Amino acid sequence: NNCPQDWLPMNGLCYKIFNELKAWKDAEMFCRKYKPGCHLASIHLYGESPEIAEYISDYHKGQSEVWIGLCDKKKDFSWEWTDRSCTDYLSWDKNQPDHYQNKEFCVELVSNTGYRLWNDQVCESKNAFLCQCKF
């Protein structure tokens, strides 16, 4: 909050991009075991996506897509944040979500959009990821 100087402060939390390529579950547990009170980031405001988007475009090593903490654990278009927050904001890319081949149930940030809009993607895909934390 109280954020480290290599983290992005925003609306009470601290956000950071991780360039390692991990599957969605791998990345979630990475954040949670990084420090108490960490998850894959949640978004809740129209004005948070641009600030996140620009931050990734400036500190992202590579071009890998970026996981965030939205999941469809019931495979029925009921999307949930892993920080147990409330799905009160959506920023989907065109024609998404689409459950392509019924393989996609996790959510990434699309590089083509500036990491601004969301896409549902195959869980086991190995991407970069964005942790959020309380400090």
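Residue positions are given as counts along the sequence shown, with the first one as 1.
Mean CA B-factor, 79 to 87 versus 103 to 111: the higher value falls on 103 to 111.
Relative to one another, 94 to 102 and 54 to 62 have unequal mean CA B-factors, and 94 to 102 is the one with the higher figure.
As recorded in the entry, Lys73 carries the highest CA temperature factor of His39, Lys35, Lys73, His44. For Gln5, the recorded CA B-factor ranks within the middle third of the chain. Only modelled residues enter the ranking.
The entry lists a Cα temperature factor for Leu117 that places it in the middle third of the chain's modelled residues. In this PDB entry, the Cα temperature factor of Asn19 sits in the middle third of its chain's modelled residues.
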